[PDB]
């Protein structure tokens, strides 16, 4: 039973996913709008005095297959080393965008070591922001042109993660069975295609 639900950020009452609203996403398959993961959502918002989210409640998103707008992850549980709760996300549409043109934005997650967007096949519009993820690997080889269905140029803001040479040296590279399109993480179930 496909179930569409409203998201956060722009055009929405909710500015971030938080404990107050996380359970509204139970069994959603399609997000009408955006998902935002702000620091206040994950650790607690003093001005509304909203509690810190329960990290195991992020498993609600395993039902998400489509995000109409953008994905904006700026805080993540320190012991969750990838975004495997979005293993079933296939399409980011970017009908609505975040900041200066982004549909995907992964920022300053000191503890994420791979992305894990295993099902991700299409980002229909927008620019890609992946920066300051000091531990992030496996994204270096990834063929964004496949996912963006267009020229990669003027669409990437991918900086300041773990240095490629450092990833290569520690064996944090794509499995040999994966295409030259790359991986979302270690091993053969993580190949882009």
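Numbering follows the first chain given and starts at 1.
When the mean C-alpha temperature factors of 44-52 and 133-141 are read from the deposited coordinates, 44-52 comes out higher.
Between 143-151 and 161-169, it is 143-151 that carries the larger average Cα temperature factor according to the deposited entry. The PDB entry assigns the greatest CA B-factor among 87, 99, 103, 114 to 87.
Among 58, 38, 128, 35, the highest C-alpha B-factor in the deposited entry belongs to 58. Compared with the other modelled residues of the chain, the Cα B-factor recorded for residue 29 ranks in the highest third. Residue 95 sits in the lowest third of its chain by CA B factor, as recorded in the PDB entry. Sorting the modelled residues of the chain by their CA temperature factor places residue 187 in the lowest third. Looking at the C-alpha B-factors along this chain, the one for residue 178 belongs to the middle third.
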